[PDB]
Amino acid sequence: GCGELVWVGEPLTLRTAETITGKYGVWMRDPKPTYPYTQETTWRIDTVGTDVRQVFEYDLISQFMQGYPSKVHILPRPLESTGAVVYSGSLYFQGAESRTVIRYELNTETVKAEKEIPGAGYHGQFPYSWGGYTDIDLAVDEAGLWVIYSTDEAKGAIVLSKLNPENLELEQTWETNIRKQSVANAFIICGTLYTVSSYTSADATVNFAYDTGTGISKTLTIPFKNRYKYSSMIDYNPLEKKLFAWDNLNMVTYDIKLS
């Protein structure tokens, strides 16, 4: 079941974007799929530019890997950066030039909730180390939906909060001692936040852990390879128990092992 991260496998490339619009992006599957979607449904957002609204949806993995989308959704408001997730039928994304998270229900194309993440920096205040306006990073783990951010009161250290997926209320918050701008990205596995040291290196590491159950911080040295030298997005999927990442045009996955 659950445990501490102990190993990350080699990146596997599933699709490569063919234009610069996909240099950065987010791709994802739903770890709690709901009708009409399934555990194979995949979403892809190419996130370069200033008016990002198109969300590509694929019914089957084979379509994601080789074909055109099954459907394209046009979001009612432009999206910011690479932090979005899908969870239990909704895309959760940050509005451009805002600290607002939006719940967009995919089957009805309806905005169901919006919430300012209180005190969160946005638009280049507390990005990860590559920039990209990556101030606010949503995450799904075994327990549900979270948000990773920082605030002036936390002096740029990573803050994580559990979110109610229905109405986006913050349920509980934890403050780490990890400077968000000093790490390439982060993700949560089994209630532990992990960070990646570098977005360019073939020889990066998963370098810090913060366990929300115990409050304990640790250092780690688990190898992590950025095959294409520019990882813009690194998230965990708790149904597949894999990392999903976006690395310089390439949509990649990594296997992991937990103790």
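In this text, residue numbers run from 1 along the sequence as written.
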| query | Would 229-237 or 198-206 have the larger average of its C-alpha temperature factors, as given in the entry? | reply | 198-206
| request: Between 248-256 and 1-9, name whichever shows the higher mean Cα B factor according to the PDB entry. | output: 1-9
| Criterion, highest CA B-factor; candidates, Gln94, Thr82, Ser129, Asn164 | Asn164
| request: Taking the values exactly as deposited, rank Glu109 by C-alpha B-factor within its chain and report the matching third: lowest, middle or highest. | output: highest
| said: For the chain shown, is the CA B-factor of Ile222 in the lowest, middle or highest third of its modelled residues? | reply: middle
| said: Could you place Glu142 in the lowest, middle or highest third of its chain by Cα temperature factor, using the values in the record? | reply: middle
| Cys190 CA temperature factor, ranked by third within the chain | highest
| task | Going by the recorded CA B-factors, say which third of the chain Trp27 sits in, lowest, middle or highest. | result | lowest
